[PDB]
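Okay, so here's just one chain, in structure tokens, the form solved without ligand 3B0.
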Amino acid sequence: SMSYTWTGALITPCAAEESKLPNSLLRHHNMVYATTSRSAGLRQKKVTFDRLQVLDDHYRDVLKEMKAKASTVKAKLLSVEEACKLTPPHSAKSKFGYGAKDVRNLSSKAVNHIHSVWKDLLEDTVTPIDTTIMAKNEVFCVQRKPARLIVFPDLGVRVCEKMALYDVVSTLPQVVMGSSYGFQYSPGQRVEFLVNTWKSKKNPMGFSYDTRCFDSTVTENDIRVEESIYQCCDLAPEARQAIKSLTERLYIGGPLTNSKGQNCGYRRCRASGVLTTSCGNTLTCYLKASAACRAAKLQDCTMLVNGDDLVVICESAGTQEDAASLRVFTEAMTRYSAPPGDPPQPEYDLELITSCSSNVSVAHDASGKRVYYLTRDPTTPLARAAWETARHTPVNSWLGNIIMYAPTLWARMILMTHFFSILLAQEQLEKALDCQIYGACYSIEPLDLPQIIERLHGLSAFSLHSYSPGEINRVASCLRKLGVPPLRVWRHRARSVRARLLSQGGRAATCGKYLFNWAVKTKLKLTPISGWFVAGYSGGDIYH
């Protein structure tokens, strides 16, 4: 079928959509842009085509292996009270006369409605359910992306999603997929897995496979296979009924309706703004790739999967032979409706492989021992930091990034230094800030950062010193390209920040002592002092 059919109704905005950036961080402001519904049609073209699927015994075997592990899972129904408490405080309100604030408080109005929606789910398993469609505002650096299309149902339905399925998507994918399940590893844990599975091959080869508009390539068949998997779990008969109804009424497809309530069309592939999306894309990406591997006779594969992001490390057969089997792999994925973006390519250096927009690099700790940490090209982080210091937003990529990439040269000298400069300058150190980790929203106290970092990265994250040339180039170029003060200017800024912090005692002096010990010259002796990196929730409207 066609992934999407369109009525002609525009995909419409909610309020003003700033495309441009209104400075000590970055000079070239005309390189930072934000996507708008103005880019919607261009995206619409990219994301709509017919889908021709052809399976094979490799698909059917993997799926059978998958359903057998899924059968050892037992999942429970979530109470209204529990489902409500998971909803973010600024989650889009209901078109039925209540908001997320009402939900969280267990207002009897929201809750009675949620009940009514669950009752309807149990009685009617056919009638398509209504979704809103929207162009996302995401910031990028120039060199030019169309807005991505977020699709999601009403708040009432979402609390029901949570009820029927939150426990299943928190638990199942780990069991089905074991060590390939990306979202069980914190970044340190993900480096360890990548580094160890690389060391464990005689003669290693690795490729990342970027799939062309994944959400579009997910067929209605795919989303039913996905249900059949969820159903293998041991379940309440009421949860099974709800799960059947939600996939048939919502996950498979339904009507698109814009901000002004006009009919925009109809969708027959993955919706980005539902609870099953991460789990679904992960199970569906793991199934197809695992099969493509077998088709292409790849030797002794370990895979890592986070939604639609794929990395395979395997045993090389030779540079010719590798290049070749990769083309078979690609043909296999295409048959499975998971065609390629940039075509994939063998690497023989872990450092050059990029997965989850990120890669492994090494540097050295206090005593001189070699140490592997996760990193990434810092362009989107700086961009968004630039953006986020300019216009106020209640999202803070900067803080999530400081957490994910704490050991990195850039997060320490640029992000840490900058925002701590602002937090001190505005006396806003004690304030909780909300940030995204694997699509879930956590409320974090910036002053806690030292412990947080100690527990996810160890003390060496406060003392890492000889970063690799290739990484130092990436960073310094990124800074020239974006017009950001070179690294020597931050060292001097960071000495100021560190000192002001040190004077305030308590957790503020501990931030200063630990976060900025890289910047002193004579270093202090740095001694010691979560359900976070468990599962992927992007799109699923989750708050802990």
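In case it trips you up, residue 1 is the first one in the sequence shown, and so on.
Below, we turn to the form solved in complex with ligand 3B0, even though it does not appear here.
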- Check each of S94, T375, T247, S337 and return the one that places a heavy atom within 4.5 angstroms of ligand 3B0 in the bound PDB entry. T375
- Task: May I ask you to choose, among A291, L86, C233, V360, the residue with a heavy atom within 4.5 Å of ligand 3B0 in the bound PDB entry?
- Result: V360
- Do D215 and ligand 3B0 come within 4.5 Å of each other in the bound PDB entry, heavy atoms counted? no
- Taking the shortest heavy atom distance, is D102 within 4.5 Å of ligand 3B0 in the bound PDB entry? no
- Message: Within 4.5 Å, heavy atoms only: does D222 come near ligand 3B0 in the bound PDB entry?
- Response: no
- Task: Using the partner position in the bound PDB entry, report whether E351 sits within 4.5 Å of ligand 3B0, counting heavy atoms only.
- Result: yes
- Of 119-127, 385-393, 465-473, 238-246, the segment with heavy atoms within 4.5 Å of ligand 3B0 in the bound PDB entry is residues 465-473
- Query: in the bound PDB entry, which residues of 411-433 put a heavy atom within 4.5 Å of ligand 3B0?
  - Reply: none
